[PDB]
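Here the structure is laid out as structure tokens; the discussion comes afterwards.
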Amino acid sequence: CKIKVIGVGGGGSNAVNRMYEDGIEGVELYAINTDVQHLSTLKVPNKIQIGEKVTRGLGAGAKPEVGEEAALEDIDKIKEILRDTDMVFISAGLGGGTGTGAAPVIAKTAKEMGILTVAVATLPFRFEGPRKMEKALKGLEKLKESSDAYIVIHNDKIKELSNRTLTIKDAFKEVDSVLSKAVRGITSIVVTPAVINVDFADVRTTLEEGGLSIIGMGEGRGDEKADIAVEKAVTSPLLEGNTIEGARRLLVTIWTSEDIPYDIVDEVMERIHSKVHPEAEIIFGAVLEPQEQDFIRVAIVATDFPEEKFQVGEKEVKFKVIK
Ligand SMILES: Nc1nc2c(ncn2[C@@H]2O[C@H](COP(=O)(O)OP(=O)(O)O)[C@@H](O)[C@H]2O)c(=O)[nH]1
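The opening position of the sequence shown corresponds to residue -7 in the numbering used here, with each subsequent residue numbered one higher.
Below is the structure:
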């Protein structure tokens, strides 16, 4: 099956760049930007400019309306890259211009072509200020209209799960790491020879029209690794305000070190089912984690929530109308 990952804007491009560096296989990678200089810095195989006319290649100046116009003017370029595609991940850092503005356009284009359309969207760190968060949430409201499922990851939650960072560079490197794990978790159980593969048809039934999606990951080592990893994953969502135990459809990836047999999946899936919604439809795959030993990582993508709401800091977020 044909999977593409498209980074939109600087943050999205950087995340996809990390996925390339992390060795994502069996998928085609693209970076789309209005900022031609940023594109020039990337290792991503396919670099695509949008908005030459309106931006002259100098970026969107953090204005979502400009990112939107860039994508609309060059919608032919976007359609071209989307031809012959089963699934696309649209990776964007919400809160800037290009990602915020163009991501909904690209997502809509893909979804109208019948491609399974999964946005992977971040909300900014608190250190980025109130205005970037406002812009992000406004853009998210458009992106949700355009997507099958939209995975929303709040950068402040990421911050919590790793070591204190001392440079903005390192803060974002951890964001890239997490996004890369989230996406590679899904692609690798479909398009590589995995420990337990899942059919693309199952990924589609799990995520199609899923809406708001929330990820949680947890590592387990040693004798009780299953219980430990599942507990950590269910209790560590990357977005507050909608517990994973409420989702009606879930996609679980169990990363295993080479020394762990596949039947660890038995205990994992028992534990997940005990913790989450009794009626949840859950698909799961398993894939090797290199350089690890006596190790699993349970990565849970939860979707199809009763209410498409969430919390960021002290703000409870609800959108105007859920399709
Ligand atoms: N994952 C990741 N996110 C980033 C990075 N740099 C910035 N961001 C996030 O992306 C959001 C938008 O910034 P950016 O993508 O540069 O703006 P755009 O190019 O106009 O879309 C920011 O508010 C950050 O939260 C990065 O290197 N990696």
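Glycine included, each C-beta is placed from N, C-alpha and C at the ideal position.
How would you call residue i, buried or exposed, if buried means at least 16 neighbouring beta carbons within 10 angstroms?
i	result
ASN155	exposed
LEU171	buried
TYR254	exposed
residue 320	Since the first and last residues shown for the chain are -7 and 315, residue 320 lies out of range.
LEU50	exposed
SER32	exposed
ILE107	buried
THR109	buried
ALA193	exposed
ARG176	buried
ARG289	buried
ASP14	exposed
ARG75	exposed
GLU271	exposed
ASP27	buried
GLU300	buried
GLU306	exposed
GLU152	exposed
Check this for me: beta carbons of residue i and residue j, under 8 Å apart or not?
i	j	result
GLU166	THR159	no
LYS45	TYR12	no
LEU242	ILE207	no
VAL19	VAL8	no
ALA62	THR77	no
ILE188	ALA278	yes
residue 328	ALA174	Given that the chain is displayed from residue -7 to residue 315, the structure contains no residue 328 and the question cannot be resolved.
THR90	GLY1	yes
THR295	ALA84	no
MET105	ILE(-5)	no
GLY131	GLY93	yes
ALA239	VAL268	yes
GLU201	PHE311	no
residue 400	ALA102	The requested residue 400 does not occur in the structure, where the chain is confined to residues -7 to 315.
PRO37	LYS127	no
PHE276	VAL244	yes
*Any beta strand (DSSP E) of 3 or more consecutive residues that is wholly inside the stretch 93 to 164*: 108 to 115 and 141 to 146
*Run through the stretch 164 to 230 for me and flag every whole beta strand (DSSP E) of 3 or more residues, listed as ranges in chain order.*
203 to 213
*Enumerate, from N- to C-terminal direction, the unbroken beta strand (DSSP E) stretches of 3 or more residues contained entirely within the stretch 230 to 285.*
241 to 248 and 273 to 280
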